[PDB]
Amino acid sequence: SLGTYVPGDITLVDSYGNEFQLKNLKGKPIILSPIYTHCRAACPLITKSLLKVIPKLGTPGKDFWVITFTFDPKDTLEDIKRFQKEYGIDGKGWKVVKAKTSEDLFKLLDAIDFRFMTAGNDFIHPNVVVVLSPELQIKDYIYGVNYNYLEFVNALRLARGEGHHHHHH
């Protein structure tokens, strides 16, 4: 939900096995990309679209964090490491992570209003990237699988508390 905060005490584990809490990433805007590693449909499209827009915007780990996270609670460290290598993701400025426990997973998905449902061996789910402020406030949602530059620039400005002086609020 726009304007609400993602809980900072969510524990994530990166594709190198490093554990951290979401609050550890405070200080820069955060681009969050929910996927599952065995998706051969939407998630590669989302991730490939991100690979094409992110370099226009800045340097992950410096200007903002990028966090690809799996919502499939059966994905293990091996799965997220495989996903990272597949897309050439650096793994540090742009991380591929999983939730430590189901509570971490619920809490994250609940905060960003994301729900999924089983469809045979796949999941049905929305295509979304969430942009957070440096304090973990949800500032924008970008939907679909074919991202444009301007929408991301605008989202990052909102994340930084910028691009508002054209209007009295």
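So that there is no doubt, residue numbering starts at 1 and follows the sequence shown.
Averaged over Cα atoms, the B-factor as recorded in the entry is higher for 54 to 62 than for the other of 126 to 134 and 54 to 62. When the two stretches 158 to 166 and 4 to 12 are set side by side, the higher mean Cα temperature factor goes to 158 to 166.
Note on 31, 45, 119, 108: the highest value goes to 119, judged by CA B factor as recorded. When the modelled residues of the chain are ordered by C-alpha B-factor, residue 35 sits in the lowest third. Ranked within its chain, residue 140 lands in the middle third, by CA B factor from the PDB record. The deposited CA B-factor of residue 81 belongs to the middle third of values across its chain.
Annotation for residue 112: CA B-factor lies in the middle third of the chain's modelled residues.
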